[PDB]
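Enquirer: Sharing an experimental structure here, sequence included.
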Amino acid sequence: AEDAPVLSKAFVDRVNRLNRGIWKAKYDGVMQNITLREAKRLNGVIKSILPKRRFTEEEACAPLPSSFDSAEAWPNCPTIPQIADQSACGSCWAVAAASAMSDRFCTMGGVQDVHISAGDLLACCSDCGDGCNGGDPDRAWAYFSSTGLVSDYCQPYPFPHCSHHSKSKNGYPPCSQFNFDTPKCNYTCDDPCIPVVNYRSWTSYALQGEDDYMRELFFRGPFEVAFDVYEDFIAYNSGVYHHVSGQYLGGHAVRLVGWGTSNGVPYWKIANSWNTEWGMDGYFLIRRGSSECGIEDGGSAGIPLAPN
Ligand SMILES: *[C@@H]1O[C@H](CO)[C@@H](O[C@@H]2O[C@H](CO)[C@@H](O[C@@H]3O[C@H](CO)[C@@H](O)[C@H](O)[C@@H]3O)[C@H](O)[C@H]2NC(C)=O)[C@H](O)[C@H]1NC(C)=O
Ligand SMILES: *[C@@H]1O[C@H](CO)[C@@H](O[C@@H]2O[C@H](CO)[C@@H](O)[C@H](O)[C@H]2NC(C)=O)[C@H](O)[C@H]1NC(C)=O
């Protein structure tokens, strides 16, 4: 909608006061100068077509910890702790997915480093939605079930690291400088000196509610969840976020990579698709058990098929 910045030092300070210092919102953070229309852009979930997840007796009848990081359960999967930068697209839906299919190619797919192309997914699945006007996580995985994607070595994400700071530590351009339409769906690799490689799942499925999220994350590794972003979420800097103030900005897809307890507050460690500048080194914590902003509502995962 408006060119109205989303963060006001009244707003942030009211939010900070409301949240009961459980999580520090921040005014002069990395999103301070953000536009209503920009922030809505970032949240690209629009619109089950996947079968619901069946736990084997022993999956369901097992003892999940009360902390868990995928990075640490899988020290040898470099894909996990890497943080993506969707950029100035409503591409989170695709970026969220590819990030986890990369990770699952390691956790199960017997391929250490392979970054699945959010490029490929974001352009070529017209089933999923309309590139950078947003799409459906469910579909993303159904396409990796049906069609399959190429790696980011083949169709590297076509939008650079842009920043939402004046001065940037990691010396990025501003995101207020760009705004990107769906890219050309290509059928060979960007470089022609590189061959195409199909990567697919032999089964995608869907998840629901606190528990299923923890079993699925544990056994099979990070996967893709969405929640409703509220203005307040933009100012987030530390601690376990929960919606206290601000208008709804759309549905935003993120990679669930952990859970844990902080001074008696249940949380989900999550990998946010906006740079490593935003939140806590690119990640955020969100309240868990409340299904806060509906995080525990819709979850999308799959088992990467090991090639040849
Ligand atoms: C499919 O292939 C093409 C590459 O042939 C990709 O579209 C191209 O995206 C590149 C960046 O990845 C664009 O470069 C840009 O050019 C404009 C100048 O007009 C400039 O403003 C930007 O700073 C940047 O240098 C290129 O123009 C664009 N070309 C076409 C034909 O779309 C596309 O992103 C690829 N899709 C996937 C899924 O990787
Ligand atoms: C938010 O907006 C303004 C842009 O008008 C930024 O203010 C200037 O930033 C430069 C360096 O980046 C400083 O040298 C000046 O002191 C600032 N004031 C001026 C030019 O009057 C501000 O830094 C922006 N903040 C963020 C975090 O983006």
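Expert: Yes, it's here. Residues are numbered from 1 along each chain as shown. Ligands and ions are numbered 1, 2, ... in the order given.
Enquirer: Tell me which helix or strand residue 112 sits in.
Expert: Under DSSP states H and E, no helix or strand contains residue 112.
Enquirer: Skipping its backbone neighbours, what lies nearest the residue in the chain that ligand 2 sits nearest to in space?
Expert: Nearest residue of the chain to ligand 2, counting by C-beta to the nearest ligand atom: residue 166, 3.1 Å away. All C-beta spots, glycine's among them, are computed from the backbone N, C-alpha and C. Excluding its sequence neighbours, the residue lying closest to residue 166 (C-beta to C-beta, 6 or more residues apart in numbering) is residue 33, at 7.3 Å.
Enquirer: does the one you found really touch residue 164, like I thought?
Expert: Yes: counting by C-beta atoms under 8 Å, residue 164 is a contact partner of residue 33 at 7.0 Å.
Enquirer: between the two, who's got more neighbours?
Expert: Counted by other C-beta atoms under 10 Å, residue 33 and residue 164 do not tie: residue 164 has more neighbours, with 25 against 16.
Enquirer: and that one, what are its phi and psi?
Expert: Note on residue 164: backbone dihedrals following degrees, to the nearest 10 are phi -110, psi 20.
Enquirer: hang on, isn't it packed against residue 235?
Expert: No: in this structure, residue 164 is not within contact of residue 235 by C-beta under 8 Å, at 11.7 Å.
Enquirer: buried set for the longest strand anywhere in the chain?
Expert: Looking across the chain with DSSP state E, the single longest strand is strand 248-261. Using 16 or more other C-beta atoms under 10 Å as the burial criterion, the residues of strand 248-261 that qualify are 249-260.
Enquirer: And for stretch 183-200?
Expert: Across stretch 183-200, burial judged by 16+ other C-beta under 10 Å covers 183, 186, 189, 199-200.
Enquirer: what do you get for stretch 19-31?
Expert: For stretch 19-31, a neighbour-count test (16+ other C-beta under 10 Å) marks 19, 22-27, 29-31 as buried.
Enquirer: What is the end-to-end distance of it?
Expert: End-to-end distance of stretch 19-31: 19 Å, with C-alpha to C-alpha, to the nearest Å as the criterion.
Enquirer: contact partners of that stretch?
Expert: 6-7, 9, 12-13, 15-16, 39, 163-165, 232, 234-242, 244, 265, 275, 277-278, 285 (C-beta atoms under 8 Å, 6 or more residues apart in numbering).
Enquirer: farthest pair in the buried residues of stretch 183-200?
Expert: Greatest spacing in these, by C-beta to C-beta: 183 and 200 (21.1 Å).
Enquirer: contacting residues around residue 278?
Expert: 30-31, 164, 272.
Enquirer: ugh, wrong one, residue 97
Expert: Residue 97 neighbours (C-beta under 8 Å, 6+ apart): 116, 118, 121, 137, 140-141, 144, 224, 253, 300.
Enquirer: quick one: which of those sit in strands?
Expert: With strands taken from DSSP E, the overlap with those comprises 224, 253, 300.
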